[PDB]
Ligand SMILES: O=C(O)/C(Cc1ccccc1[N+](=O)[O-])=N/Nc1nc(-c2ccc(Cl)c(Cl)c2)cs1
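Starting off, we have a lone chain in the form solved without this ligand, written out as structure tokens.
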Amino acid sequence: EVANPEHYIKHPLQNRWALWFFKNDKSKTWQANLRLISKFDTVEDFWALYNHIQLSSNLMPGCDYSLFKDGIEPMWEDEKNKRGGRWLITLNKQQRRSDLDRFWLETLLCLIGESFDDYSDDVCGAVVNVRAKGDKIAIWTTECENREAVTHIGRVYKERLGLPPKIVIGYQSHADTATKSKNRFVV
């Protein structure tokens, strides 16, 4: 006597995500430049979000997007972030053209579609940096000492972007990034 959900039910993601924007407006404190766009926990709502906002390639230099599981703030300071690190994809300025938007989207669909299976717990979120000096996309993991997790994650990622095995990508811990110029792991 009830309706068959398939038709009218939204498709719930395994997690609620929060999309954040950072605009480099040099006359404000960094923490205050970072602002929450919106949150979503369903497939339909993700596409509503993605489609109504600018492609990463059309953001001006010094701006960022990032997507984090709800309750993880997208900064080193977060409880789930302080012991962690990231897989860094350094894109040059010719890959802003052919790669950026599809690397970022693939990243988004990796997070919310939980492509890391078991390891999906160690995932916190991801960041795309638009810079004049060449762009960045990073995946944040929770613990920079879970080698089995960190490296399987980084390897599924590399594969999921379609990167050839010539290209190596490195994982830096947050404590190193936050204090320094170097990779804990490479794939």
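All residue numbers refer to positions in the sequence shown, first residue = 1. Residues that one form lacks are left out of the comparison. We call the rigid core the largest set of C-alpha positions that still match within 1.5 Å between the two forms.
The form deposited with this ligand bound is left out here; the points below concern that form.
**Student:** Please pick out the stretch from 158-166, 53-61, 117-125, 141-149 that is in contact with this ligand in the deposited complex, where contact means heavy atoms within 4.5 Å.
**Tutor:** Stretch with heavy atoms near the partner: 53-61.
**Student:** Since the partner isn't included here, can you check whether this ligand sits close to all of 9, 16 and 43 in the deposited complex (heavy atom within 4.5 Å for each)?
**Tutor:** No: no residue has a heavy atom within 4.5 Å of the partner.
**Student:** After superposing on the rigid core, which residue out of 52, 35, 26, 133 has its C-alpha displaced by 2 Å or more between the shown form and the other one?
**Tutor:** Meeting the 2 Å or more criterion is only 26.
**Student:** Can you tell whether residue 57 sits closer to or farther from residue 40 in the deposited complex than it does here, judged by CA atoms, where the change is 3 Å or more?
**Tutor:** Residues converge in the deposited complex, at least 3 Å closer.
**Student:** By 3 Å or more, the Cα spacing of residue 52 and residue 57 differs in the deposited complex; is it closer or farther than in this view?
**Tutor:** Relative to the shown form, the pair is closer.
**Student:** Can you list the runs, three or more residues long, in which each C-alpha shifts by 2 Å or more between the shown form and the other one once everything is superposed on the core?
**Tutor:** Once the cores are aligned, runs 24-30, 54-58 are those whose C-alphas move by at least 2 Å.
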